[PDB]
Structure formats: C-alpha cells, structure tokens
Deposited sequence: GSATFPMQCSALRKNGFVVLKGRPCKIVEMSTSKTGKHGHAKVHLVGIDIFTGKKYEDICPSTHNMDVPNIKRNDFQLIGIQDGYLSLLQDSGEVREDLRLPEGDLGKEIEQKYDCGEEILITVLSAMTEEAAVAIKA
C-alpha cells in the first residue's frame, strides 16, 4: 500500500505525511487549542518544497509507506550509479545525487572505499539519498 492513515496527534517531527498528494517529511509540528489543532509544515522528500496544513488533532491523515534499501556501489558511469544487491542484480538506473552528496559519493568511490548507497522509494518515486 502506497499510503496508510494515521491520527494527527500521532504524527511526529521528522516523521512523514502526505500533503497535497506529495510525500513530506515533517519539520514543524505544533498543537493548539481549537479540542485541538495540529499545524504542520512538511518538506517534499524529493523536490524539497514546503507544504503546510492545519488538521484537527483526532482526524486522520495519510502517511507514505517509504521503502529504504542499501546497495553496494561498484561503479559510476556517465553520472549514473552501478548499484549491487544481495540478489546479485546490478542496477544502473539511479543518478548520482546532486550537490555535496554526489561529490562525496564520487570522492569516496575514487578513493577505493566500500560504499553503500541508500535508495528511497515513496509513492511511485525513487532516488539515491544517502551514503554510508
């Protein structure tokens, strides 16, 4: 299931919620006397866009079912990562992350270091989001 419902009061900072169809990470959450209301700020986990919403504390909201797996980096080519699974399958479809993360990944790869890359899926969407 792409998403599952959750009570507003149960939502948590650094947790996740779906806002206007987008999966977002909660960066600001306050609850005020309306009974009560939960004010949320969320950051689109892919584009970084800020979404906002004010929700009745006992009302539900949708939370994205985020998958997160770690692959082994065995190559970089034409800006694309060669990532290896336990299954033995190698995928070359995930782009090298932008900015510093990307530079970090290259430097450490050129280094000779055994690197794991975190891939993230949410809703129909996927990217490489971290290094270890």
How would you list, in order, the spans of the deposited sequence that the model does not cover?
1, 36-39, 138
